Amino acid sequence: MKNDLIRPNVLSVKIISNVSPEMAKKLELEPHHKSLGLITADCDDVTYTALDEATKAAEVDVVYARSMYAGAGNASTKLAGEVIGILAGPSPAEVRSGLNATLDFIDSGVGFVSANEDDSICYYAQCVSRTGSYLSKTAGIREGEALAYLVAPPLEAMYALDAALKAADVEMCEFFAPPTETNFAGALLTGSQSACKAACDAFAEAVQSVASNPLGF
């Protein structure tokens, strides 16, 4: 139903000890990050927020993060989902903590929200109180700064982004131009915490107004 959470699921996890030099060269790892933590899930933007959360609780960096074409509902293999993330750390112990932190956040109640009765429209309006090292880098903001993580299908996102930018004292940091690999869109907006929360509410309200009137104009 409307306002129901779409629960994200982690599909696969694996840890690498002593990465090969060739692979470290490709992934441009820091010299003393000898261990990697791999993870896939069925929801990309939640996983991106979870990976950033992991950099806050463990001595890890996000070195790879990409979404799959057409989303998790169209995956052709068991573990592909719609996202792959790679954490790098000095040893499997740090990587293990990061992966555990990632999984806990994915299971913490955060996620996309359904906008109508048949769950055919959904959106992501997440206020990140304190960014880690990954979303702050992606957004070009100081680590620890707040951001609103806003994602929705193409038209809803463009309409709702305009509403969010006008409703709150926020600035655009990164634009997810439609289509992402999953055929969504959105942005990362920064500002004070209260402003990011106001933007999340305006974004969510705007997406709902499209779902209750998709063609009326």
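When you see a residue number, it is the position in the sequence shown, counting from 1.
Stretches compared: 163 to 171, 25 to 33. Higher mean C-alpha B-factor in the entry: 25 to 33. In this crystal structure, the stretch out of 78 to 86 and 101 to 109 whose C-alpha atoms carry the higher mean B factor is 101 to 109.
Compared with the other modelled residues of the chain, the Cα B-factor recorded for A70 ranks in the lowest third. Among the modelled residues of the chain, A177 sits in the middle third by CA temperature factor in this PDB entry. Looking at the C-alpha B-factors along this chain, the one for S120 belongs to the highest third. Ranked by Cα temperature factor within the chain, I15 sits in the lowest third according to the deposited record. Remark: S91 belongs to the highest third of its chain, ranked by C-alpha B-factor as recorded.
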